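Okay, so we've got a single protein chain in two different forms coming up as structure tokens, structure 1 first and structure 2 after it.
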Structure 1
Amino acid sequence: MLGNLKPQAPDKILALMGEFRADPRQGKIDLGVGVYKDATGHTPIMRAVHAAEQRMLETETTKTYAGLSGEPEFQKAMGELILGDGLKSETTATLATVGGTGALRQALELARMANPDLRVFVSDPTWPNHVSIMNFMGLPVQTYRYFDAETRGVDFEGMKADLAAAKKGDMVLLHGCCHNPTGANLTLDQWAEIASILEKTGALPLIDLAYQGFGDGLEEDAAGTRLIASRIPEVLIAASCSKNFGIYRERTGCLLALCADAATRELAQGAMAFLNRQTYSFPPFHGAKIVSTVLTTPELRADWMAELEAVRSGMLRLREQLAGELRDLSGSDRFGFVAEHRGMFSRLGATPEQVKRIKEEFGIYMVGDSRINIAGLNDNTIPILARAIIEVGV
């Protein structure tokens, strides 16, 4: 029977990794990595995180089945981290998920249950994994302009015009901050306008928040999400603790369904809990507990924010250096966008040929869409990247 199986395409990421590994060049650089890495090219376990696991290992007396929708301590702590004082629990439904991806998958299954004729709008471009899930689910996908290939900024007029076409009940997916892969983000003013458009159209906003704390700061990064949450009655948020907590493999995420009234919140929470049980029963406990421990424990929380800020500030400094070097070598401020982008990613705006020229001639690897991970750069590699970009004619 299983021979009827249609061959599924590999992750590609691996192929990219293999491409790098075969290269016999000593000065080969890898900017294609999708996770954070410190100065020694390592993805460390955060101090607060290691402390939490140490504490859990000493406090846990059992591992019996726990909450189906996650633990209250975690739901509460997360909604507060994301929504701040604007958290109205009376109308907020929370579901612990298997990472941010799990949260996204669950948000799409929920919406389809509420509206079978659901149509989803995604930015151009967006996290490929978004389209993967949607295509797999067989949902009609529609695109809205977003990245301006010329300025490397946000084509806001195009985005607004495109979103205007959204009908009542349709879903529009927005990255709360640190747009992956572009690194180009909306200003709070641009968010305000988007909201007015969503009110007018009556489309349900699904916010993918996977990098809170990597752009301008924890609070600052949640600003857009918090504006949408106060203007629009129904909002779906997919939060990830993978990167901002550095617990990638633990698979900890969170789905928040903001509702118009309490009756609808019970309807949503029930359907969410139901969705978890029909997929894998209970959600992963470990990473979630680490997170609730860090946020509730004063000492730990403080140390976590402090470490995240050191990471954030460092990446920002790398951005300024690259932009500076690029300025000096270019004799123009053409590449200034690198210093404006937020998140650990940036799309350079180089065509596939230029991307291939950079690799062949300079030994620098990056995603085929010219996306680079700022965290893969340093005082020794920035000069090379600066030269490569210039020499290839970007």
Structure 2
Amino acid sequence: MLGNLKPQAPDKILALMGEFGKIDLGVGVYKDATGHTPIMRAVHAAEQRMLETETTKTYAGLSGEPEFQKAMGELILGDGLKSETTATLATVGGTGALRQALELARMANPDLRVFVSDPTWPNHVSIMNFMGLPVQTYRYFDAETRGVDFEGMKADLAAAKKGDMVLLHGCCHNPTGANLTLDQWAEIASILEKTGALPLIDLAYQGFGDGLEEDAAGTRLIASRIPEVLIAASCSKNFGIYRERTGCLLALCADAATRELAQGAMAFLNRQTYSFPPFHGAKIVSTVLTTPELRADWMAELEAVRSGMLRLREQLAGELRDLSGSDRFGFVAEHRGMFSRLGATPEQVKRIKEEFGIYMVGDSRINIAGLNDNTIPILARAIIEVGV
């Protein structure tokens, strides 16, 4: 039977990792001055504390632990968290949350379609194709200005109908690095409540843009306006626990009844897929979030990380400017997050990796965290050489 298995297409980023004076600017992970993805101080201390506190490993919560559910909701929605109308499900990372999100929605609407940003995280489309869900795209990135084509984005969203879902990146847009301003979010919230489109928000980098609270701004704004929203959150990057596989899905409902339904359907969704969700990472998160000392240090370390990358973008932007006189690559300093699409054509990007030894995703997505004072001028010179 297994011989009928058709060969499946590889994931670009994972494959890029395969093809890797080498410069790793591919996969979206934070790296320090010495090319390492360290473990956060609070995370380590949490784990040490867990080693002493835990006395059992019996089956726990089917939808995650109360502490994880509550601490995550507060971190995301702040004071906009209305427990009585909010359903929470602990999942296997953000990706698990996204998949569970699409499953929940499709159960509620067998005829749903999903709009995604042009461009968006490749894995978004793969999951949707696999489930067989109709994918539509809304303009978002502006090829020329490297910013957001907001006039076009609004145009496309207006075509969304009731029952459709619109996937929005809460902050730090992957792969572009181009992000909406709170003013732009308020307008989208207007369109959404006119169309009736259910918004699904991919919150994977809360803390890498402008700050823990600031990066959650747009999400809090949508949640305040739209009576029903879905948020797929990830603790992989902002907590640096990538391999622990921890995130969660929040279902904001209009009332307690609808909320009770969702919560039930969410628990069931976990039961029929893998039973209980992974505990270790979730426990690290809540332990950090509910322990003032730990939370304080974590916030501090995350701030240091978000600050450093900001400094790097400026160095890089400057390096390029002085390397060409033109302030064309200014968009790099304007972008926010870990990625930024250089705009290099497919034929140019290949030159870079084969000759310059610098590996960046084929669509010119560079993980700014992969740069440093030593490699920045090299990258700058490298792309100047590649010209047009």
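Definition used throughout: the rigid core is the maximal C-alpha set that superposes within 1.5 Å between two forms. Counting starts at 1 and follows the sequence of structure 1.
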Item to check | Which one of 344, 338, 358, 49, by Cα shift of 2 Å or more between the two structures, core superposed | outcome: 358
Item to check | Displaced residue check between the two structures: residue 11, CA, 2 Å or over, core reference | outcome: yes
Item to check | residue 34 CA shift between the two structures in angstrom, with the core used for superposition | outcome: 2.1
Next on the checklist: residue 327: how large is its C-alpha shift between the two structures, with the rigid core as the superposition reference, in Å?
Outcome noted: 1.4
Checklist entry - Core superposed, what is the CA shift for residue 313 between the two structures, in angstrom? => result 0.1
